[PDB]
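Okay, so we've got the same protein chain twice, two forms, each given alone as structure tokens, structure 1 and structure 2.
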Structure 1
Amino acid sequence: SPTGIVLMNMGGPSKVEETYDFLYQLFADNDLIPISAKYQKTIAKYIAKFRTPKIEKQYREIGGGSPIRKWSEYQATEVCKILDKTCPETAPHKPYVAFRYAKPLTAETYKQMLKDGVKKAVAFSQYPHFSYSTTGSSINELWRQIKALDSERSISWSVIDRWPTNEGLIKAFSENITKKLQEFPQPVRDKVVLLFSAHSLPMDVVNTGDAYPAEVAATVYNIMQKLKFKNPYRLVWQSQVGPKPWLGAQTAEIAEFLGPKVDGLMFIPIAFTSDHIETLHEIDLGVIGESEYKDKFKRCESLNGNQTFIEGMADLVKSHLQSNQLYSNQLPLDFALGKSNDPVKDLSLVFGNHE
């Protein structure tokens, strides 16, 4: 009986047409978005069609589609082959990806899992940095899908809610960064500023006591220790949108500011593990693309298929499996500080064997 290793993460439209459904899924979540209730399957779509055009154009601009799913199913498949020679008592490990908004959503995957006769499953969240708005929404969803497609639970779930300083992760980022630094002049290679750029969070989420901001920061300091603080660095945030206040030190804003007085700037996808709208469009076409400093701005390659990084994940899942912990010591606290309309009341009820 196969052990399910399910990679999770918010998701992105495989191909341009997928935008509508992707945007619909998004705009129908109270984990954050409305209030309402069925006066909002309505209001939801009144927002989806509105927004579809813009987004399709962005994806069209990046080859047409988010590479997330491609890369995810890949990472998931490699980490399972390794887990096969590595963790034999959990013998067959099958690759599964369950995205929060993109396809396959949690329910679709859950269905496929059961019809594959899955006993044990590991909700392996692809966000090394836990945020109730990311790794949290997947859990609150997983809960519902469990209750929906599997009451009297045939599946026993455990979850890897965070891995900010996993060795593979840190080594992978270094290397990729030195590798990218090397393609800089030299008489100025040590003066290139490393801008670690993570997706930002709204202040009324940060102030909530979210664990995201500080964890990202731990990863950053770890990579710098590895590189023996050779270059100047700084943790900045991107992707903020709307009128509300967002976690400060905006990537674009600081890029343009330093653009003149610096002779080198490197952006690093610190908070995500593959390319997606954020790197390909926001940074490559935005921050770098439209800047008059295009030349002294380069982006560190996303982890993607990086082997060292894959092995890191395998190491992770293996440690998680053999530790018998259903979730990190931090999750209960997160859930007590998080904010949702349909939360998880007891984490110990969601995860574990409930025969």
Structure 2
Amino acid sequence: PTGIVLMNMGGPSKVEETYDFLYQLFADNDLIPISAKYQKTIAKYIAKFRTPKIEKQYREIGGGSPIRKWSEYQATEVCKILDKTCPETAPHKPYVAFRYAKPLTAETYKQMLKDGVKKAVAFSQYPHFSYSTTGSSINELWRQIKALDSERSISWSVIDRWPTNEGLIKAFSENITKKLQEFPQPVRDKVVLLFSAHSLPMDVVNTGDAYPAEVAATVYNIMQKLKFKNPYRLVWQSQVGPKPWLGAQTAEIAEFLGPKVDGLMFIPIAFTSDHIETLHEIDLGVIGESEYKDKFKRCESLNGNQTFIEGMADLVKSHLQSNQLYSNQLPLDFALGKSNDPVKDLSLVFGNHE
């Protein structure tokens, strides 16, 4: 009866859910401000155009996005813990809802009502809030609530951010340390730790989006635990089109530093499991294509790390055990966020209302 829904953009489970995923992606004006008036029309064009290259990438990494598997694993593992940790909230049923990928919020919501859920928690898998990710996903949830649950059957609450959750910080530091063990001792303290997070379009950044600064907070907290032993730097990956994106591209920095450093390590700072971003962009692109493939290494993604899973369960417990169906920052985010169809009152969306 208690629904724990993990949420993120998603990824195509099979090589061809790609064109559908991509179309859904570019059709969302809340993600990348392409055209407030013709985003969808423009989207199917961009989708039909980018499908070949992307489709080939999912093939070069096994033939699909591992997101769904890892998300389902994490969700149920977190629920098993809450069952023993929060017996006060009876069984905790794991759910997964992706913004663009397969299990869409609409599908998932149907189930939840069919399974008779009364209390639910939208658990954003992005530790750092961005209107483009969590915001978009919340605007979707609102649409679903209205169309699927008019009688306001389910009572929702949202975990909208957690940049410095203990398990998260502790899991990343442990993984960073053991990965450093692969470098030769006399050079270990010199390896540069490049925290690579998905970039953001300057248009979003300039709305005063919360994302940039929150990633920075996670990074610094990790370096404190590591006692600032190594040189570090927060850089950004991805980026699409001519429009400008954020501060120093992971790709350019790596190439520029290659000749100067004893080594480099990439850290998937903004995500919780493996996906096309790490398995391809980083592994086959940045690393497996550089002449320095040797002095280049990547920190393990969180995936099924138990410190991390325990940190998430703890994160949830603190959430359930309190008021606030959302953080103090959310109302400000929606005040600054840009959308054709936004949630006007966060207070009407999350709560009893029955």
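Residue numbering: structure 1 sequence, from 1. If you superpose the two forms and keep the largest set of C-alpha atoms that fall within 1.5 Å, you have the rigid core.
Just a single entry of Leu326, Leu316, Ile62, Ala48 exceeds or equals a 2 Å CA shift between the two structures, which is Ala48 (rigid core superposed). Once both forms are overlaid on the rigid core, the distance between the two CA positions of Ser36 between the two structures is 2 angstroms or more. Aligning the rigid core leaves the CA of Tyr20 displaced by 1.9 Å between the two structures.
Relative to the superposed rigid core, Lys345 shifts its CA by 0.3 Å between the two structures.
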